[PDB]
């Protein structure tokens, strides 16, 4: 197909734009022809370019399986990714409308988006730097600190509840059809100075959502919408960085068709055909770094079996605090968690790191790394969490059901490791290693409900043999324990008839507590093997009471055991904790 070339430095918009030697100057020319982009067509932006007060909007077209539309860079890579910087200009603004109630949230209004994909299928967008900056908002994560006075550290915010919503990239389905085969790859999205509060406008680094094409006003609209579904399939977001954005880091799948998916909460189980029909299929979130989101880091909504792997989140919930979140109004929302699912079926969260979720000390009503929220079958495995301000894992309220949390390591997570506020049943927490410091404990104070804890190592990383509160409340049976290891405690859960007790973590693991305290400067995950391996303190030492002491687990959610946190096979009697002895 046709390849187009844009150069902010060299080009001219009188040019043809179809050869490298004579490229366009501005994105206006691409915008003018984007709806006619088709299979094999490409829009290449010159490395080193800065398209200021510009944006790219692509609507109502498609590549195909043989040849996608491509939006990318050309030239010398050392000149720096091309930059699209909308600065919120009028021309980037569009009217979003779900055309249904989507809960107690703003569902309609004006949004500024730097890169908009409205019902575009088979498109790959790569190697762009994307911003949406307000010169009057400045609060960089890299030097962020809690101040006794607002904005005293050379920062400034707009705290207005009516602040215009802004996206870096928005993926919008609103034609009553599937929008498929979208790939975002090696983008750098930053300084998207959106609205601090709004959770489900296209407001954040990357947001993908689906609307009804018309309001559901009659029996006839209702028959039609029940069968013609705006939804996503084959959305891949990988190798990207999202930094300094309000509100969401990366969210995918919120939908007007929640009115069908959520018509019948039942017991929290989600029917396979229901979620496949109305929800989003084959979503993959891989190798991204999210730092300094105002709210939540990465959330998957109304997704059928997404895969969320190899991401790093870091220092999110920047704005979920009493100084910055001042106009919550009737929506509320002064809460955020790290990397998590909402009303998904069997999502898989594996090999992710999550650091320093902020502000539980200053008005963040959550603050966890992980959150098995409402939904069915969430699998968290082989993830690391450090230094989160409120807990490693939440299981959230009645409709959070059938969670498995296994082969994870939690280090220096504060105020509790496990948070079980009135959650539904079916939850199974096994083969984790959790390192609990003096700012923390096993269960958050508010915990009251079900989980089955087996084969875990609990490490009291404090200077006395702690008398721990192992049980709080009794909803849905409360917390039951079997076949766990308890390191440096004076007591143990009364339910555990198979306890393994150890006095000194030094005779259990090589270097407990020595896992990372921060993300890698690059945002990449830490190595788990080789010279740079970062988790070797969590390997059992020779003769460790962890070795071959675990029960053969029977997963309550029918996920077979495969490997441990380091990816090594588990065979025989499993070792206690997250890491097999080698």
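Residue numbers count along the first chain shown, from 1.
As listed in the deposited structure, the average C-alpha B-factor of 13-21 and of 561-569 is greater for 13-21. Checked against the record, the higher mean CA B factor of 136-144 and 330-338 lies with 136-144. As recorded in the entry, 152 carries the highest CA temperature factor of 152, 378, 311, 315. Listed residues 403, 264, 323, 431 were ranked by CA B-factor as deposited; 264 comes out on top. Sorting the modelled residues of the chain by their CA temperature factor places residue 523 in the middle third.
The PDB entry assigns residue 246 a C-alpha temperature factor belonging to the lowest third of its chain's modelled residues. Placement of the Cα temperature factor of residue 74 within the chain: highest third of the modelled residues, per the deposited record. In the PDB entry, a CA B factor belonging to the lowest third of its chain's modelled residues is recorded for residue 372. Among the modelled residues of its chain, residue 305 has a C-alpha B-factor that falls in the lowest third according to the deposited record.
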